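K.L.:
Got a structure for you, written out below as structure tokens; questions coming shortly.
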Amino acid sequence: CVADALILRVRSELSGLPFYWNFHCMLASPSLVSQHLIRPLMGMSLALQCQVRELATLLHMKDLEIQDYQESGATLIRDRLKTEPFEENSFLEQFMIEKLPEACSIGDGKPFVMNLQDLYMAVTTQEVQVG
Amino acid sequence: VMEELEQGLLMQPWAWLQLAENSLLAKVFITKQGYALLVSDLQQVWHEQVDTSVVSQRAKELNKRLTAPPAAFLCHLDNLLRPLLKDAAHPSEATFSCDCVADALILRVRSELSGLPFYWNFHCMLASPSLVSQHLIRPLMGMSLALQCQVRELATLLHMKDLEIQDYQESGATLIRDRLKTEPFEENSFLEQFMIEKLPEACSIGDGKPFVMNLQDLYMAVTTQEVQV
């Protein structure tokens, strides 16, 4: 890192013989960084929120199924499988108080590459298709 | 002073600004010693941090006769701006205009206090790479990771309820109403169907209104956690 530029040196063995390359990089313009990082990430966040809402709806439907089965006089063989009714606010509060610190740890970019790369590609493809 | 303004700007949530048939995303932190402002339009980001002396000078140049201390001027500016940022459709008179230069952006604010005019201008230059990074790139990644964790937890809960459904079906009972039956949950099929059908409409960010409307508590929590460490 010299001045505002970046020199990335790559050394390799092309059939056992030297292979040197030097990428000279200059700070990207605001448009490139924006369209590459900011908007896609917002799309991924919105998609994940929609997925969470759909999962909450499915959980509510399952809760209705449980309630109707209880009303039908049915008895479960094992009492340990009983699950508490799902409430969105309580679940969100518990998550935010307990597991947010570990979940939000960006670290050094490894979790982003490992976990969220299909959503990023899909959002980018949608953006390209739109225009 | 400057550190306090930077921390306040970092900890503030985004707001939607409707101005001259155009949209912007704004964060403002005003204290008696100065103010900080961050503006964006999903294409570029501008930042402006101003102290007391510049406040007094600009208030004099624009309002040629408004003889008030900088603290009162900043307090009035905050009182005028915060109601709009917190919620739209407020019954307040505050018109916003935007002008563009090679690199600068001029945000003109006009309003009335007790029926008399009140003008202000923000000269927002392009923000440095560090500010835009720390304000958008990292918090958004944290929000995405947290949302994925929430999705995984919800999937686990759905699996547990599916186990309960299987147990109750094995018990041999039947529902009084058959319309409530739901098929077993499979994560892969659900994800594939979501991607095929709902992703195009859900990933549409538009002019930024969905971001402020939906994701503003998770963003604040992620930023607060980042501030601590």
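K.L.:
Mean residue ellipticity at 222 nm from the helices of chain B, using -39,500 (n - 2.57) per DSSP H segment of n ≥ 4 over the full residue count, to the nearest 500 deg cm²/dmol?
P.N.:
Values: 9 runs with 109 residues, N = 229.
Calculated mean residue ellipticity at 222 nm is -15000 deg cm²/dmol.
K.L.:
Determine by what factor the alpha-carbon radius of gyration of region A:5-104 differs from 2.2 N^0.38 Å, reporting the quotient.
P.N.:
Taking N as the residue count of region A:5-104, the ratio is 2.08.
K.L.:
While we're here: Please compute the average number of Cβ atoms from other chains found within 10 Å of each residue's Cβ in peptide B:186-198.
P.N.:
On the way: counts 0, 1, 0, 0, 4, 3, 0, 1, 4, 5, 0, 0, 4.
Counting other chains' Cβ atoms within 10 Å and averaging over B:186-198 gives 2.
K.L.:
Compare the Cα positions of B:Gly206, B:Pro184, B:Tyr119 along the charge dipole of the protein assembly as shown (+1 at Cβ of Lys, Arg; -1 at Cβ of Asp, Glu; about the Cα centre) and return the one farthest towards the positive end.
P.N.:
Among B:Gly206, B:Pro184, B:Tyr119, the one farthest towards the positive end of the dipole of the protein assembly as shown is B:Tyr119.
K.L.:
Treating the angle as unsigned and between 0 and 90°, give the value, to the nearest 10°, between the Cα long axis of helix B:217-228 and the longest Cα principal axis of chain B.
P.N.:
On a 0 to 90 degree scale, this one is about 70.
K.L.:
So what are the radius of gyration and Dmax for the Cα set of region B:69-123, in Å?
P.N.:
12.3, 37
K.L.:
Here's another thing I want to ask about it. Gap in Å between the Cα centre of region B:190-215 and the Cα centre of region B:61-104?
P.N.:
One Cα centre to the other: 34 Å.
K.L.:
In straight Cα distance, which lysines are under 28 Å from B:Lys161, not counting same-chain residues fewer than 8 positions off?
P.N.:
The reachable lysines, counting only those whose Cα sits under 28 Å from B:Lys161, are A:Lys62, A:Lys82, A:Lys99, B:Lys181, B:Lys198.
K.L.:
Here's something else I'd like to know. Taking a cut-off of 23 Å between Cα atoms, list the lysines near B:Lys86, but don't count ones fewer than 8 places away on the same chain.
P.N.:
B:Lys27, B:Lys32, B:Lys209
K.L.:
Right, something else. Shape verdict for the protein assembly as shown, please, from the Cα gyration tensor: rounded (a/c under 1.5), prolate (a/b greater than b/c) or oblate.
P.N.:
It is oblate, given that a/c is not under 1.5 and a/b is not larger than b/c.
K.L.:
I'd like to compare B:112-123, A:79-90: which one has the highest average count of other Cβ atoms within 10 Å, and what's the full order after that? Before the final figure, lay out the partial values.
P.N.:
Details: B:112-123: 13.2, A:79-90: 11.2.
Ranked by mean Cβ neighbours within 10 Å, highest first: B:112-123, A:79-90.
K.L.:
Could you work out the mean count of beta carbons from other protein chains within 10 Å of each residue's beta carbon in B:171-181? Don't skip to the answer; put the middle values down first.
P.N.:
On the way: counts 6, 1, 7, 3, 6, 5, 4, 1, 1, 8, 3.
Counting other chains' Cβ atoms within 10 Å and averaging over B:171-181 gives 4.
K.L.:
Can you work out ³J(HN,Hα) from phi for every residue in region B:193-207, in order, using Karplus 6.51 cos²θ - 1.76 cosθ + 1.60 and θ = phi - 60°, giving whole Hz and x for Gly and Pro?
P.N.:
5, 4, 4, 5, 9, 9, 4, x, 7, 6, 7, 5, 8, x, 9
K.L.:
Specify whether the C-alpha gyration tensor of region B:112-170 places it in the rounded, prolate or oblate class, a ≥ b ≥ c being the square roots of the eigenvalues: rounded for a/c under 1.5, otherwise prolate if a/b is larger than b/c and oblate if not.
P.N.:
oblate
K.L.:
Explain nothing, just the number: relative contact order of chain B, from Cα pairs under 8 Å at least 6 residues apart, as a whole percent.
P.N.:
Working: 239 pairs, mean separation 43.9, N = 229.
In percent, rounded to a whole number, it is 19.
K.L.:
I need the trypsin sites (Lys or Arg not before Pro) found in region B:20-66, filtered to DSSP loop residues with at most 14 other beta carbons within 10 Å of theirs.
P.N.:
Working: sites: B:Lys27, B:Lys32, B:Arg58, B:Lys60, B:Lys64, B:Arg65; in loops: B:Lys32, B:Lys64, B:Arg65.
Answer by residue number: B:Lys32, B:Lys64, B:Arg65.
K.L.:
Same structure again: Taking the Cα atoms only, what angle lies between the long axis of helix B:138-171 and the longest principal axis of chain B, rounded to 10 degrees?
P.N.:
20 degrees
K.L.:
About its Cα centre, what dipole magnitude does region B:137-211 give when the only charges are +1 on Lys and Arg Cβ and -1 on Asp and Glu Cβ, stated in debye to the nearest 20? Could the numbers behind the result be given before it?
P.N.:
On the way: 8 positive and 13 negative charges, 76 e Å.
Dipole magnitude for region B:137-211 comes out near 360 debye.
K.L.:
With +1 on each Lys and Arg Cβ and -1 on each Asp and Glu Cβ, and nothing else charged, work out how big the dipole of the protein assembly as shown is about its Cα centre, in Debye to the nearest 20. List each step's numbers first, then the result.
P.N.:
Numbers: 28 positive and 46 negative charges, 264 e Å.
Taking the Cα centre of the protein assembly as shown as origin, the dipole is about 1260 debye.
K.L.:
Just how far, in whole angstrom, is region A:30-68 from region A:93-107 if you go by their alpha carbon centroids?
P.N.:
What the calculation gives is 17 Å, centre to centre.
K.L.:
Once you order the gyration tensor axes a ≥ b ≥ c over the Cα atoms, which shape class does region A:72-131 get: rounded for a/c under 1.5, otherwise prolate or oblate by comparing a/b with b/c?
P.N.:
prolate
K.L.:
Cross-link partners among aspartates and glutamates for B:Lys64, C-alpha distance below 20 Å, same-chain residues fewer than 8 apart left out?
P.N.:
Once the sequence-local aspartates and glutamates are set aside, what remains near B:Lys64 is B:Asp51, B:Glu112.
K.L.:
Follow-up. So if I place +1 on the C-beta of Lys and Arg and -1 on the C-beta of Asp and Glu, and nothing else carries charge, what would the dipole magnitude of chain B be about its Cα centre? I want it in debye, nearest 20.
P.N.:
Working: 18 positive and 29 negative charges, 227 e Å.
With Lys and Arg at +1 and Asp and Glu at -1, about 1100 debye.
K.L.:
Next up: Scan around A:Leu81 for amide H atoms under 5 Å from its own, H built in the peptide plane at 1.01 Å from N, and keep only partners 5 or more places away or cross-chain.
P.N.:
Amide H neighbours of A:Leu81: none.
K.L.:
Which of the peptides B:171-182, B:67-78, B:142-153 is most tightly packed, and how do the rest follow, going by the mean number of other Cβ atoms within 10 Å of each residue?
P.N.:
Details: B:171-182: 11.3, B:67-78: 15.3, B:142-153: 21.7.
Highest to lowest by the protection proxy: B:142-153, B:67-78, B:171-182.
K.L.:
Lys/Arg Cβ at +1, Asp/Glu Cβ at -1, dipole of chain B taken about the Cα centre: which of B:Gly8, B:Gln150, B:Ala71 is farthest positive-ward?
P.N.:
Of B:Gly8, B:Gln150, B:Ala71, it is B:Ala71.
Coordinate-derived values only; no laboratory data. Cβ sites come from the backbone with ideal geometry, for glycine too, and all protein chains shown count toward neighbours.
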